[PDB]
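Novice: As a preliminary step, the opening chains of the complex are given here in situ:
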Amino acid sequence: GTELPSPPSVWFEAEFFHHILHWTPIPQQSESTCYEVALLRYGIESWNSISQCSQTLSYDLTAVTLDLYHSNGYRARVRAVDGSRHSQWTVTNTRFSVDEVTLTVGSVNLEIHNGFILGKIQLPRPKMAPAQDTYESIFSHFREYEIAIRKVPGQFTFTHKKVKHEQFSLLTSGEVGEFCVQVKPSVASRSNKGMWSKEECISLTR
């Protein structure tokens, strides 16, 4: 009677070289119940189990999807296993590729110079990323950033400013106080969603 219920759903939640597979738990999951995560790469009709018995709701497939930004995408599936019983597989509903990666920025460096706030956006440099596969290398054109500025002695209201370079300037036309900025990345021709970076501030004078 090997007919355990199958995981309700399986999907990826990835960021640059952080390709994580997520799936919901099977109703009535026991303590001796685990999940088998298999991976298939487009262009080669063949599945390969990455993990036979994982007692988790997620699995990092990064080590096995390094050529994601140089491939035609992968497909993924997870199935529940309890000793000798195991459900049917639940596979991702779309091809996993560069398209589905969320854009994030590593950090923003602010500086002040003659009434200017000079900003430098440091894209992510994940260690797992093979040398020549930089954010810049992969997303070679139309990189854009939404800049949200707020004055500390001001409030929780923000003013926007879009830029097309990893460097940007904002003029401090004779202003005093503290300026905090957040950055949201995107690629003009793409649909990849991006996430706001931790706010960074800098003080004008003393």
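Specialist: Arrived safely. Residues are numbered from 1 along each chain as shown, chains lettered A, B, ... in the order given.
Novice: count of neighbours near the closest residue to residue A:189 other than its chain neighbours?
Specialist: If the residues on either side of it in the chain are set aside, residue A:189 comes closest to residue A:142, at 5.0 Å by C-beta to C-beta, 6 or more residues apart in numbering. (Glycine included, C-beta is placed from N, CA and C.) Burial of residue A:142, expressed as a neighbour count using other C-beta atoms under 10 Å, amounts to 11.
Novice: residues contacting residue A:142?
Specialist: Residues in contact with residue A:142 (C-beta atoms under 8 Å, 6 or more residues apart in numbering) are A:164, A:187-190.
Novice: What about the residues you listed, which are in strands?
Specialist: Per DSSP state E, strands hold the following members of these: residue A:187.
Novice: And the furthest pair within the contacts of residue A:142?
Specialist: Farthest pair in these (C-beta to C-beta) is A:164 and A:190. Separation: 13.9 Å.
Novice: the more surrounded of these two?
Specialist: Remark: of residue A:164 and residue A:190, residue A:190 carries more neighbours, 17 against 10, as counted by other C-beta under 10 Å.
Novice: what's the closest residue to the more buried one other than its chain neighbours in contact with, if anything?
Specialist: Nearest non-adjacent residue to residue A:190, counting by C-beta to C-beta, 6+ apart: residue A:99, 7.1 Å away. Residue A:99 makes contacts with A:190-192, as judged by C-beta under 8 Å, 6+ apart.
Novice: Check residue A:40 too.
Specialist: Contacts of residue A:40 by C-beta under 8 Å, 6+ apart are A:46-48, A:74-77.
Novice: From residue A:159, how far out is it?
Specialist: 47 Å (C-beta to C-beta, to the nearest Å).
Novice: Repeat that for residue A:25.
Specialist: As judged by C-beta to C-beta, residue A:25 and residue A:159 stand 44 Å apart.
Novice: okay, now the domains of chain A?
Specialist: A:1-102, A:103-205 (curated CATH domains).
Novice: so which of the ones you listed is the most packed in?
Specialist: Most buried of these, by mean neighbour count (mean count of other C-beta atoms under 10 Å): domain A:1-102, with a mean of 16.
Novice: from the contacts of residue A:40, which is closest to residue A:94?
Specialist: Of all those, residue A:94 sits closest to residue A:75, with 8.6 Å by C-beta to C-beta.
Novice: I'd say the closest one and residue A:90 touch.
Specialist: No. Checked against C-beta atoms under 8 Å, the pair residue A:75 and residue A:90 is beyond contact range at 11.7 Å.
Novice: ok, now chain B:
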Amino acid sequence: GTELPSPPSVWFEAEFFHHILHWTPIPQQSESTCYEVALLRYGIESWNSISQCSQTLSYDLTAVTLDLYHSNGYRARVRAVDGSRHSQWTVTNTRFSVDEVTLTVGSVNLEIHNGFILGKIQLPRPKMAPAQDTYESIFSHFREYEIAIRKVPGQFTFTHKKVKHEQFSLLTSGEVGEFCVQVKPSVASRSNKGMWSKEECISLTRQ
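Specialist: Following on from the chains above, chain B is added here:
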């Protein structure tokens, strides 16, 4: 005035990087009579006199036709001049190009080894030829050679043997005497005529 008879004809006689212009003399040529040789390169409608007064029946146009094997050919003309008089020009009747170059071989090196006559054809290496414009470079494919062998103690009769490499072998199946060979170059896809090389001989026995 100024109506001297023009050179009856003008033509090239060339070998690899040896582009020589020839022309017949004008009837009643005097001692103060010379010839003016002009050169035109296809693609640029303009003549340039190479020599104003040459007291000869030929002129080496090599120094001025180096890119022959990388061009669309030249045209040439010669006219007689005698002081202030000069005839009409006589121009070549065809476009001078790589096609009209006669194939020649520099020399043939023969050697004997265990009943084998090993030959090495040394293609021409004219000094005027720019470094990277070797016979091999220019005629990159289908180079062939007619080999005519004759036995000295034999006669003036020859036996043929065609080869497709600059190196060749002839076996001396237990023969004695002297073997002389001549080589004639060609390019299987081309129509360029070639000329027999000076006969080369070698002795098998202690000779």
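Novice: Distance check, residue A:73 against residue A:189.
Specialist: For residue A:73, the distance to residue A:189 (C-beta to C-beta) stands at 18 Å.
Novice: swap in residue A:81?
Specialist: Distance from residue A:81 to residue A:189, counting by C-beta to C-beta: 42 Å.
Novice: Kindly report the same for residue A:11.
Specialist: Distance of residue A:11 to residue A:189, computed by C-beta to C-beta: 24 Å.
Novice: residue contacts, the residue nearest the centre of chain A?
Specialist: Central residue of chain A (C-alpha atoms, centre = their mean): residue A:15, 1.9 Å from the mean position. Going by C-beta atoms under 8 Å, 6 or more residues apart in numbering or on different chains, residue A:15 touches A:101-104, A:124.
Novice: Nearest spatial neighbour of residue A:42, chain-adjacent residues omitted?
Specialist: Excluding the flanking residues, the one nearest residue A:42 by C-beta to C-beta, 6 or more residues apart in numbering or on different chains is residue A:72, at 4.2 Å.
Novice: now swap in residue A:205 and tell me
Specialist: Using C-beta to C-beta, 6+ apart, the nearest residue to residue A:205 is residue A:176, at 6.3 Å.
Novice: pretty sure that neighbour contacts residue A:206?
Specialist: No. If you go by C-beta under 8 Å, residue A:176 and residue A:206 don't touch, sitting 10.2 Å apart.
Novice: picking up where we left off before, helix, strand or coil for the residue nearest to residue A:205?
Specialist: Using DSSP: H, G, I helix; E, B strand; the rest coil, the structure places residue A:176 in coil.
Novice: Ramachandran coordinates for it?
Specialist: When read as degrees, to the nearest 10, the backbone of residue A:176 gives phi -120, psi 160.
Novice: neighbouring contacts of stretch A:75-90?
Specialist: Here stretch A:75-90 makes contact (C-beta under 8 Å, 6+ apart) with A:1-10, A:12, A:21, A:23, A:26, A:29-30, A:32-40, A:42, A:47, A:52-53, A:61, A:91-92, A:95-96.
Novice: what about 6 Å?
Specialist: A:2, A:4-7, A:10, A:21, A:23, A:26, A:32-40, A:91-92 (C-beta atoms under 6 Å, 6 or more residues apart in numbering or on different chains).
Novice: Over to stretch A:174-181?
Specialist: With contacts defined as C-beta under 6 Å, 6+ apart, stretch A:174-181 is touched by A:147, A:149-153, A:199-204.
Novice: then chain C, please:
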Amino acid sequence: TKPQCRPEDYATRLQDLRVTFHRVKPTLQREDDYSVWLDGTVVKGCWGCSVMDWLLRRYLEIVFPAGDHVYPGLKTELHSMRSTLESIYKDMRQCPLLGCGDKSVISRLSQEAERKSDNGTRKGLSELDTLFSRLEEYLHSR
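Specialist: If we add chain C to the chains shown above, we get the following:
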């Protein structure tokens, strides 16, 4: 640099195509076939300009229309994509540099041959030697 010629003009439409494709993606990439039709080299190289045009026409003329018959509940999205893809195609034509660079040389030759009193017949036969060399050179380059 004409507008239709620079890549930046296609950014927004390329992006639209993709967001629309994102809402219907799970339905379209639901099949069981995991083979790759449009491989990584399909549009690279000398032949690229030509292949690209063929793919565009293929999709615009044969596939999308075929889609209404297979994914009826998606006609809205499919009509949109086929419409943006279409805006993109015509636009790419306005730009010579985006197409195949093989019509210009034929233009010159034909033109120069027409500006002759006999249409180049004379110039044509006198260059036969040149033709044969180009042909022979052409064969060793392939």
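Novice: once more on the contacts of residue A:15, this time with chain C?
Specialist: Counting by C-beta under 6 Å, 6+ apart, residue A:15 has contacts A:102, A:104.
Novice: for it, which residues make a bridge with it?
Specialist: On the basis of DSSP bridges, residue A:15 is bridged to residue A:18, residue A:102.
Novice: how far away is it from residue B:143?
Specialist: For residue A:15, the distance to residue B:143 equals 63 Å [C-beta to C-beta].
Novice: For the nearest residue to residue A:43 once chain neighbours are set aside, give me its contacts.
Specialist: Of all residues not flanking residue A:43 in the chain, residue C:36 sits nearest, at 4.4 Å (C-beta to C-beta, 6+ apart). Listed by C-beta under 6 Å, 6+ apart, the contact partners of residue C:36 are A:42-43, A:72.
Novice: Can you tell me which of those residues is nearest residue C:21?
Specialist: residue A:72 (15.4 Å).
Novice: didn't that closest one look like it was pressed against residue A:95?
Specialist: No. With contacts counted by C-beta atoms under 6 Å, residue A:72 stays clear of residue A:95, the gap being 7.7 Å.
Novice: What about residue C:33, how many residues nearby?
Specialist: Look at residue C:33: counted by other C-beta atoms under 10 Å in any protein chain shown, it has 9 neighbours.
Novice: Check whether it sits in a helix, strand or coil.
Specialist: Using three-state DSSP, the secondary structure recorded for residue C:33 is coil.
Novice: and the residue of chain A nearest chain B?
Specialist: Using C-beta to the nearest C-beta, the single residue of chain A nearest to chain B is residue A:132, 35.9 Å away.
Novice: mind checking how far the residue of chain A most remote from its centre is from chain C?
Specialist: Here chain A reaches farthest from its C-alpha mean at residue A:1, the gap being 40.1 Å by C-alpha atoms, centre = their mean. For residue A:1, the distance to chain C equals 27 Å [C-beta to the nearest C-beta, to the nearest Å].
Novice: which residue sits closest to that residue, ignoring its sequence neighbours?
Specialist: Excluding the flanking residues, the one nearest residue A:1 by C-beta to C-beta, 6+ apart is residue A:85, at 7.1 Å.
Novice: what residues are up against residue A:111?
Specialist: residue A:118.
Novice: Bridge partners for it, pull those for me.
Specialist: As assigned using DSSP bridges, the partners bridged with residue A:111 are residue A:118.
Novice: With residue A:22 instead?
Specialist: The partner residues for residue A:22, given DSSP bridges, come to residue A:11, residue A:58.
Novice: and what of residue A:182?
Specialist: Residues in a beta bridge with residue A:182, per DSSP bridges, are residue A:148.
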